[PDB]
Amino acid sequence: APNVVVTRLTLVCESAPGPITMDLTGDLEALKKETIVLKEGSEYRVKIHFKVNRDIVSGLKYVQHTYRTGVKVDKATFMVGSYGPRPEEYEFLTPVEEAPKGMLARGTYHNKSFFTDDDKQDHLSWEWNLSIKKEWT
């Protein structure tokens, strides 16, 4: 196994009716067909779960590109930092944001995420899609 293994992404969202999560050790091609529903304007954080198996690592970074029709790609980079090896996964959470709101902001957002580091290692790259809706259903 590699030293760094990305295991899961969770959208932390107090107001959501149920868990919003994806197993990133699974089939990343199938993951593209999933659609996460977020009610417009909901507060959320992105939580990345990962394991460090063998050696202390430094300079971890989470990079998230969000595509939306008609708008320039939104590119966000987060410093994740240094972690030692242990059996239990670590969790990194982005700062809280407000999901888009209004009828013109509803519908599909396409995300491409990267877990990487100062050494530009591809710990994991993955796509996942979000649908912003008026209600949770």
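For every residue, the number given is its place in the sequence shown, counted from 1. Under this definition, the rigid core comprises the largest set of C-alpha atoms superposing within 1.5 Å between the forms.
Once the rigid core is lined up, would you tell me whether 65-73 or 43-51 has the higher RMS CA deviation in 5 other deposited structures of this protein?
-> Farther from the shown form on average in 5 other deposited structures of this protein: 65-73.
Name the stretch, 26-34 or 84-92, whose C-alpha atoms sit farther from the shown form on average in 5 other deposited structures of this protein, taking the rigid core as the superposition reference.
-> When 26-34 and 84-92 are compared in 5 other deposited structures of this protein, 26-34 lies farther out.
Should the higher mean CA B-factor in the entry be assigned to 74-82 or to 92-100?
-> In the deposited entry, the stretch with the higher C-alpha B-factor mean is 92-100.
Between the two ranges 124-132 and 7-15, the one averaging a larger CA B factor in the entry = That would be 7-15.
From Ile36, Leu60, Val46, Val52, which pick has the Cα B-factor that tops the rest in the entry?
-> Top of the list by C-alpha B-factor: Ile36.
Which third of the chain holds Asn111 when residues are ordered by C-alpha B factor: lowest, middle or highest?
-> Bottom third by C-alpha B-factor.
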